[PDB]
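Undergrad: sequence, then structure. It's an experimental one.
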Amino acid sequence: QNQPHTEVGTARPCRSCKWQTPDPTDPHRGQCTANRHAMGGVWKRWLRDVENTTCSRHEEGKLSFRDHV
Amino acid sequence: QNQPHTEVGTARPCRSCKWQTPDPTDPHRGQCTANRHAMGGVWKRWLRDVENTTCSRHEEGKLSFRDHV
Amino acid sequence: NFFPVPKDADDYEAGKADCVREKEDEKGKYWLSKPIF
Amino acid sequence: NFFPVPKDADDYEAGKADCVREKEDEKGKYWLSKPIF
Amino acid sequence: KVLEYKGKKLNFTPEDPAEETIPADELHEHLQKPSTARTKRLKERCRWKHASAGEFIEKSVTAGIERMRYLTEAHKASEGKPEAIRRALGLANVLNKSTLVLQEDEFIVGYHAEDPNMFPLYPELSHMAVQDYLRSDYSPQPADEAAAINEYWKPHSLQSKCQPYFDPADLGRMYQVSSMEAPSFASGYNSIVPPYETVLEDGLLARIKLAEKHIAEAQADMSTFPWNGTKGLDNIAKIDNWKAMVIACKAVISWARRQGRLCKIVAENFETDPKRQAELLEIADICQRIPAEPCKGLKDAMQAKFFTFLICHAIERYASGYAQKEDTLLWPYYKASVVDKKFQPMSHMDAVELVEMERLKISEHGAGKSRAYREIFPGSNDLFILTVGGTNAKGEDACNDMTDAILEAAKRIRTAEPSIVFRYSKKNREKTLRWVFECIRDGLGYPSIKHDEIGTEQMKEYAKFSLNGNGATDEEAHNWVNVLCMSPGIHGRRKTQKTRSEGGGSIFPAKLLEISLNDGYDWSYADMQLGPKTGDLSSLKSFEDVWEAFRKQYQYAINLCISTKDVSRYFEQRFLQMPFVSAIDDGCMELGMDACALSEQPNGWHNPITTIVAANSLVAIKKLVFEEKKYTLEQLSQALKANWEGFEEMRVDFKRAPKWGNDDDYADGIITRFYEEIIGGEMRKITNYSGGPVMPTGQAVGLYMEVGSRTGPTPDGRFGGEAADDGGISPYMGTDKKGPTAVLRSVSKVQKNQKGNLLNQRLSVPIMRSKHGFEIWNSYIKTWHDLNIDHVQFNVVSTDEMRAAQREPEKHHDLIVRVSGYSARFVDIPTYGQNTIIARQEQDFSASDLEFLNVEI
Amino acid sequence: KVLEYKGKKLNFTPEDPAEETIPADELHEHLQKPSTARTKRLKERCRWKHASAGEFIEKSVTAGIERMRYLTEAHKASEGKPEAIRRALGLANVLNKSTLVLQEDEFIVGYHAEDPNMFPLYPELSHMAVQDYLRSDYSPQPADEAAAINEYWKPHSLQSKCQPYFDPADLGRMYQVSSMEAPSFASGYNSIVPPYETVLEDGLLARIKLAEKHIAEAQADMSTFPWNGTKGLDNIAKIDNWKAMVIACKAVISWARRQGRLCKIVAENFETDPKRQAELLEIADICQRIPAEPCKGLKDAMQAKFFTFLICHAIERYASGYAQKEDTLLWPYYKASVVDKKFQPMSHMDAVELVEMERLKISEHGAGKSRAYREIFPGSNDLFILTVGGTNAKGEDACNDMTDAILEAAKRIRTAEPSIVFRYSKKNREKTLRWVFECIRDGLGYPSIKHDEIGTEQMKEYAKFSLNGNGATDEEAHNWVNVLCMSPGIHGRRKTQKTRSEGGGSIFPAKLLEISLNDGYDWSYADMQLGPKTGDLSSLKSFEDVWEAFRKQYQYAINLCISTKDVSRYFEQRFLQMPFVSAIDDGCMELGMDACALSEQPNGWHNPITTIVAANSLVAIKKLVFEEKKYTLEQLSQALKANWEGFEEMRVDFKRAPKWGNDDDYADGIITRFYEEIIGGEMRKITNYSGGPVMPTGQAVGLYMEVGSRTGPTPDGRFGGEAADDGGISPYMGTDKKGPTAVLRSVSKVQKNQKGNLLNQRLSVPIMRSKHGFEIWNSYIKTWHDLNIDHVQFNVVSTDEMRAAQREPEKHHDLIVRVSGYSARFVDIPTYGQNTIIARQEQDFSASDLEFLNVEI
Ligand SMILES: O=C(O)/C=C/C(=O)O
Ligand SMILES: O=C(O)/C=C/C(=O)O
Ligand code: SF4
Ligand code: SF4
């Protein structure tokens, strides 16, 4: 449950999560940046839907540009 | 004055005259059929504007198809 | 007069029907069919 | 601030004017010119 | 009554002895004989929609609004989509939502508006034409919605698209319809030769499956490594056209089947007679199968043909006409039903009845055409011209028992429309010729007669100019029909003419002549400059100067005539796609092209109308002003500007000058040159969209009346506003004083640079209805053929009867006469037009005439 | 510090003795020297609009709505009109109604949105891009209107037009930007090479007068007897285009002059200092004349150039870039002003100041580009790449005093944009080379260096494929610039690249490699099928099987890459006409064609990015799995799916396998084939819209970061989500262990089937800033040139300083570094990206290195 999973009408959508940044082409999609490796990798996961997806690592907020790719 | 002449806002426009029939292409224009010859000719006159033109032969009404060309 | 469109018809859509009425004038009798919902 | 368009200007139309206002923010001073009637 | 010929005394007593004593002035009220009780009923209650003088004859005929409404709804909804698909979506919405109509006693069913008294309008074409309807008593309703619709379409209309590419002064001149017919983009008028053969043989389901296959292959092509952008992008327009074809065809099938379902519903819920109930279910089944599937029998074919006609001529787009080779088209299905009895078994007389019903449905087909075109076909709904006879691919007789069924039905039911063209060859069987004559001797005015070989040769010549080298093959060149009244075109599954922009539209020499004598200025009708300033009166110092002034007037006019058509063509294929017509053309389907874009068989023509007035005028000018110097041009011009008032002696001089149609050397030498060097010679210099020449098709329809009324007095002796000549090459009414064979001799002299020329002739009733009628007529046609004359058509009607029909129209409802290229109900023609037909010389044959024709009794 | 070379001891002490004791970690905060008080002021208050990670760095930067609003208003009003004219009307409405901006201290004036903190948006391009803006903190306002606007445009958008011609699954794959860059029609991203030369030389009034003449002649052609419909219809599209040009040019002039009038108004009503008042009136006068009239001096030319830039890159349409040959373009005007003093007399230093101001205006140019393109250029506004140097038509030195003015301005003002490309030839004067080095040694990252002869030859080769046989002449082939970062294109009055659809856009070998090992399935980022099913792991029984699997993945991807561009091209010229750009192209003007329709010089290319990750992975697979059989593919694949967790010994094995950039035979033999046979060889099989080949331009911009983050672990030793290689042909960061000349030797091996390849290198600060710096660098470049290498560009920056700038960004505002093909403000780069630059090997030169370079001290 620490990986993105569907949860219809969730109180904690990917969209509001600090780890999420929108897809480069389609703003309906998202990018999960939560999987950050000790050697510096930001191992993204593609989000088909940011309104009805969530996981346990969800944390409301917004990272500055410095902490994104 | 028995020939078509401009008369702005006339009470007796070509448009209501029995001798008039609309232009074949542009309904803003008209055809005057008043000049009828004894040998059967219907010697039409083209009407640039049927709202502001008139002459003394003006007669309100409508001819049947039988009497037009 | 209300006639539901056969569900296997090319033009079937849910709730669709033919409204059919008879008319008659000086010339003769005829029927009109208009699609409705 | 209201400045009528010179009547010999390429963009002259009757009643047309430049509305010009000065603004200043953290970076600096500037002027905006929007056409109005 | 009696004539002596080769030592015999010929007696011109009627074949039916009863006619010896039937008063001359009521003859045609005795001749109808509908083949069944049903078709008798159908005729008696026929919803005629004749128009004359710019109006409909009957108050009950009025415009529909559904087509306007649903086309508009689709157009708004389809914004952004490819234009071809948008057009398909428009047609589909119209077909999906249209009220459909079923009438009592009908077997062939279907209609093109929401009520049997109505007709649809066309806001996508001419915004002016729609506006004219809104100002009329027969406006679509509600008027406010209709007005709102027209305002929506105006910026998108074909008219609005084409006008910016022409000098406004030039359009104004054309729009007057005095020296030039208005361009089609301004009126919405149009024509088409539908590939009926494809629908009947293949059915629409097959076309759909075929387009879908093309699409899949094209999409596969586009994803194939390695991509080539100089080739692969061609698939875009192709896929658009094919997807549009599928949308269009599926909608047509759905529409046909919904018509079928109305038959079923009426049979089961409304109709109380078990006989009619069974028939209605029979019709319902046909509509279910057809045109989705290939036709199997004659009933299938007739209904398939009618459905195709409605889409192609009324619903997808307006098009005048009924072009088709009906005997050759229906023969396989006649054979299956009547001869082999393999499907929908029928008697020959059953076939005859079915054709009668077709004629009656067409008689009910009201046309949503513009004011001009409600003016120039008086006494008819519209132009509907079908073709029969001629020769097959091997040059042998194409006549058959289906031909005869079509002709007999015409003779029996006596409807003014559809008109018939008979392609005449020496190959044609006498049995069928006799049926042709039965129609003519009854005064129907049709079949008109076209020279089979001239037309076939013509198809071969045009074929050489094909832009993709796929013009008619030599064998295919035998497959031709008249498009509207007069001009040949290919029929079949491919290469047919898709639009009037290819060929059609008229030009008016009489008016051009008039303004030639006034430095291009029209003083008599419009009071404005109508042509180029080709020289004032004093500059016209010789006959050659007069000749050249006309030439320049003609060149200026004809250039506009063709260029406006080609510009229309440019935009039609871009914004007025016809995906249904495209889907049933084998070439369009194969190449993924729109019907207006692809043009495999060139067929360029334009119509000179009022030619002989111009020609007689020139002859008289030469003789009296320049040769004899009896009058100066200033004297003539003063006389003309006076409408000859005070100058009657001058008028009579010009009137009696030599005239076309008298086999007179002086007149004919000048006029022959006029046809060949100017009318044809100059026009032929122009090349149209299709890459072929433009040649003249002389005719007249009702324009000889309307243009006459817009033309001042002319040196042939006309007063201002009198009618012009009635044909392309007919003598001016009442000026042929040397008999019928003198006329043939004049006409035969015009041989170069023509596409066709309409000849009207009127033959003595007693002779034609006598037992000698057929032999004399057959000899006439043989002689006419040997003289290499393009066309002839006949009135056979007494003046007494026509005058009687003027006095008491209600007693002469079945009087039909020939106008020009089409036939009409005489009492529905205005008095002005009626008088021009009465004035046509009724020809008698002298014994020298009969000898010239090599008649044998 | 000290090196022994050819019996000398080289001392690497800095040229400025002061630098001996300046801490290494703050060096670049000491180097700016704006030439005037004004440009110092302008820099300090500069309205930077840098974007990183998909967002703008500063809260004050936000979207405008005026362009959206006025484009929409025009589009609704122009329904029915020809599309080219609709586009001209759109631009005109935007220009006529736009709020204009004047800022304090400016001399070059003008802007592209309604407020200096803003930028315009583009609803006509990508509806998704606009929607992304609406969901952002920098949405246009009012949000409800903007939303309504986007809904209006969606069915009309370029995106909506192109999508129906591709399998949706394919679009979904591209839109992820993992194996393929999204097509331009989906993002709105774009580029252009404006024909600046035409505007500066002729002025717009002349272009207007010229189009009007073409129109008059065309209309005359159409009314000439005898009409030919196979020719005369060609005039329609021409007249539409020319009329559109006139509308566009008139609007631009009016817009320029209204900008001038704002200067006048501020001078007379707002500005209180008589010095500035006089200057504002000077500017007002320039704007009145320019660009209406030909430019006469350098001030004219600069303002003309900026105005043209705004229309072509921001207002008529969005386009990335700043492509132009600035020294050659401005030279005639520099000469007139500075040398001859004939008009707008100026000193060389005055010219230097004017260029500084230009750099600052560009530094304020915010770009309304989509989210992806706010991701992949971190630390900058956008790509702005200008070109200088090279050779003239005779092959002689093109360098001049204007070149030097441009370079000095760059060195002085220290802005990250615009970046510079220097075309290097042995012809180039040392005086100018020294200025190039001054910029590089100061760590600016530019000028990058392009091989002059390679590019010129390239132009000649492409010219051969011209569809109308009017490609670059041999002399014209010397007139070239980089379009964006890396790819050569013609500059001048004609034949320039008008759209990114011709060439540009990227493809990502690393991701293609990853899914090659998983039967086309992307398990690591998107969890879905991303490519064709090229074979499961067990089917990959040899290295050749692995090689072929990648090939098919690559073939599938590159086909989509080019075809989506060519389809965009098809619709751009049909619905996104650029009448202004057309008006200033000599070819477009002459032929009456739209800028996107006419393509006289082919220039097809696509960008392989993340190539070396793919290449190193393949090398490691061959050696360890198939040659030595130390691991099976199943063992590798299990390790990869684990992100190497538990498999660190395996990872280290693959990491230490031979790597690109070490002049190692094993690695380089495989990788050379990879570049030449697959990357270039397969791509070159494709032909684009323009009829030429498509060849690869290897580069990276910030995509090597973004794609890296979307790519799982790979057999080169990466963990999932780590950065890819930084260039087109750079060694992967930290894997080049043999020094700088070893790198050159590796890189030089790739010679076939390339259009270009970006090489990033990083040189030791002490050496470069020593008195021996220029000689070693000049020797490096000479050697690089002899080895026939396409490109090289340099970072010159200590790790100490970059780390300091991470800890304390507010103290390091003037630190500029090279990313890939562009330079950036280091503190505006995200930490992830910063670390990739730090990890790039700082190269020292051994005495053997120096001997290899044939250095002479
Ligand atoms: O379309 C026309 O004008 C005429 C056609 C015809 O007579 O066939
Ligand atoms: O358009 C591109 O993406 C590539 C540009 C370049 O490197 O020149
Ligand atoms: S909620 Fe979970 S899956 Fe969604 S963005 Fe945040 S960490 Fe990723
Ligand atoms: S009012 Fe006079 S000019 Fe007008 S239509 Fe009647 S008669 Fe003719």
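TA: Great, that's in hand. Numbers count the residues shown, from 1 in each chain, chains lettered A, B, ... in the order given. Ligands and ions are numbered 1, 2, ... in the order given.
Undergrad: OK, contacts around residue E:257?
TA: By C-beta atoms under 8 Å, 6 or more residues apart in numbering or on different chains, the contact set of residue E:257 is C:9, C:10, C:11, E:287, E:288, E:292. The way it works is simple: take the backbone N, C-alpha and C, and place the C-beta from them, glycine included.
Undergrad: all the strands of chain C, in order from the start?
TA: C:2-4, C:17-24, C:29-36 (DSSP state E).
Undergrad: list the buried residues of stretch A:50-69.
TA: For stretch A:50-69, the neighbour count (16 or more other C-beta atoms under 10 Å in any protein chain shown) marks A:50, A:53, A:54, A:55, A:58, A:63, A:65, A:66, A:67, A:68, A:69 as buried.
Undergrad: quick one: end-to-end distance for it.
TA: By C-alpha to C-alpha, to the nearest Å, the extent of stretch A:50-69 from end to end equals 19 Å.
Undergrad: next one: stretch E:422-438
TA: 13 Å.
Undergrad: is it in proximity to ligand 1?
TA: No - figure legend: stretch E:422-438 not in contact with ligand 1 (C-beta under 6 Å from any ligand atom); closest approach 14.0 Å.
Undergrad: now find how far off-centre that stretch is within its chain.
TA: Counting by C-alpha atoms, centre = their mean, to the nearest Å, stretch E:422-438 is centred 22 Å from the centre of its parent chain.
Undergrad: what's in contact with that stretch?
TA: E:387-391, E:395-400, E:403-404, E:407-408, E:411, E:447-453, E:455, E:480, E:773-774, E:777-778, E:781-782, E:785.
Undergrad: tell me which residues touch the closest residue to residue E:591 other than its chain neighbours, please.
TA: Residue nearest to residue E:591 in three dimensions, not counting chain neighbours: residue E:598, with 6.2 Å by C-beta to C-beta, 6 or more residues apart in numbering or on different chains. For residue E:598, the contacting residues are E:585, E:587, E:588, E:591, by C-beta under 8 Å, 6+ apart.
Undergrad: list the contacts for the residue lying closest to residue A:14 once chain neighbours are set aside?
TA: Nearest residue to residue A:14 in three dimensions, chain neighbours excluded: residue A:50, at 4.1 Å (C-beta to C-beta, 6+ apart). Neighbouring residues of residue A:50 by C-beta under 8 Å, 6+ apart: A:13, A:14, A:15, A:20, A:22, A:28, A:29, A:30.
Undergrad: pick out whichever of the residues you listed sits closest to chain C.
TA: residue A:28 (28.9 Å; C-beta to the nearest C-beta).
Undergrad: gap between whichever residue of chain A sits closest to ligand 2 and chain F?
TA: Distance from ligand 2 to each residue of chain A (C-beta to the nearest ligand atom) is smallest for residue A:24, at 14.3 Å. Counting by C-beta to the nearest C-beta, to the nearest Å, the gap from residue A:24 to chain F is 3 Å.
Undergrad: for the one residue in chain C that gets nearest to ligand 3, give me phi and psi.
TA: Per C-beta to the nearest ligand atom, residue C:14 is where chain C lies closest to ligand 3, at 37.9 Å. Phi and psi for residue C:14, reported as degrees, to the nearest 10, are phi -60, psi 130.
Undergrad: cool, and residue E:103?
TA: Residue E:103 adopts backbone torsions of phi -120, psi 160, taken as degrees, to the nearest 10.
Undergrad: these two touch, right, it and residue C:30?
TA: Yes - Residue E:103 lies in contact with residue C:30 (C-beta atoms under 8 Å); the separation is 4.4 Å.
Undergrad: okay, those two: which has more neighbours?
TA: For the pair residue E:103 and residue C:30, the greater number of neighbours falls to residue C:30 (21 against 18), based on other C-beta atoms under 10 Å in any protein chain shown.
Undergrad: now do the shared contacts for residue E:103 and residue C:30.
TA: residue E:116.
Undergrad: now do the strands in the stretch 201-350 of chain E.
TA: Remark: no strands are assigned in the stretch 201-350 of chain E by DSSP state E, counting those that start in this stretch.
Undergrad: contact distance from chain C - what residues of it qualify?
TA: By C-beta under 8 Å from any C-beta of the partner chain, the residues of the stretch 201-350 of chain E that approach chain C are E:250, E:253, E:254, E:257, E:258, E:259, E:261, E:262, E:265, E:266, E:269, E:270.
Undergrad: burial of the second one, as a residue count?
TA: Okay, so that is residue E:253. 24.
Undergrad: show me what contacts the spatially closest residue to it that is not a sequence neighbour?
TA: Leaving aside its chain neighbours, residue E:253 sits nearest to residue E:292 (4.8 Å; criterion: C-beta to C-beta, 6+ apart). Going by C-beta under 8 Å, 6+ apart, residue E:292 touches E:203, E:204, E:205, E:253, E:256, E:257.
Undergrad: got a list of contacts for stretch E:623-642?
TA: Contacts of stretch E:623-642 (C-beta under 8 Å, 6+ apart): E:517-518, E:523, E:537, E:540, E:542-543, E:621, E:647, E:650-651, E:653-654, E:657-658, E:666, E:712-715.
Undergrad: let me see the contact set for residue E:387.
TA: Applying C-beta under 8 Å, 6+ apart, the residues near residue E:387 are E:323-326, E:420-423, E:450, E:480-482, E:491.
Undergrad: I'd guessed residue E:410 sits against residue E:444; true?
TA: Yes - between residue E:410 and residue E:444 there is a contact at 6.6 Å, judged by C-beta under 8 Å.
Undergrad: in chain E, which helix has the most residues?
TA: Taking DSSP state H as the criterion, chain E has its longest helix at helix E:234-269.
Undergrad: what comes up buried for it?
TA: Using 16+ other C-beta under 10 Å as the test for burial, helix E:234-269 gives E:235-267.
Undergrad: and stretch E:583-590, by the same measure?
TA: Buried-residue list, stretch E:583-590, by 16+ other C-beta under 10 Å: E:583, E:584, E:585, E:586, E:587, E:588, E:589.
Undergrad: re earlier: between the contacts of residue E:257, which is nearest residue E:157?
TA: residue C:11 (29.8 Å; C-beta to C-beta).
Undergrad: just checking, that closest one touches residue C:5?
TA: Yes - between residue C:11 and residue C:5 there is a contact under C-beta under 8 Å: 6.4 Å.
Undergrad: anything in contact with each of the two?
TA: residue C:35.
Undergrad: count of neighbours near residue E:20?
TA: 8.
Undergrad: how about stretch E:135-150 and chain B, touching?
TA: Yes - contact of stretch E:135-150 with chain B (C-beta under 8 Å from any C-beta) involves residue E:135.
Undergrad: identify each buried residue in that stretch, please.
TA: So, applying 16+ other C-beta under 10 Å, buried residues of stretch E:135-150: E:136, E:138, E:139, E:140, E:146, E:149, E:150.
Undergrad: chain D: which of these is nearest?
TA: Once C-beta to the nearest C-beta is applied, the member of the buried residues of stretch E:135-150 that ends up nearest chain D is residue E:150, at 30.6 Å.
Undergrad: what's the helix or strand for the residue lying closest to the closest one once chain neighbours are set aside?
TA: What sits nearest to residue E:150 in space, not counting adjacent residues and going by C-beta to C-beta, 6+ apart, is residue E:130, at 4.5 Å. Per DSSP states H and E: residue E:130 is located in helix E:127-134.
Undergrad: please apply the same query to residue E:767.
TA: Counting by DSSP H and E, residue E:767 is part of helix E:765-768.
Undergrad: residue E:581 too?
TA: Here residue E:581 is assigned to helix E:579-583, by DSSP H and E.
Undergrad: other SSEs contacting that helix?
TA: helix E:83-97, helix E:204-222, helix E:234-269, helix E:586-591 (3 or more C-beta pairs under 8 Å, 6 or more residues apart in numbering or on different chains; DSSP states H and E).
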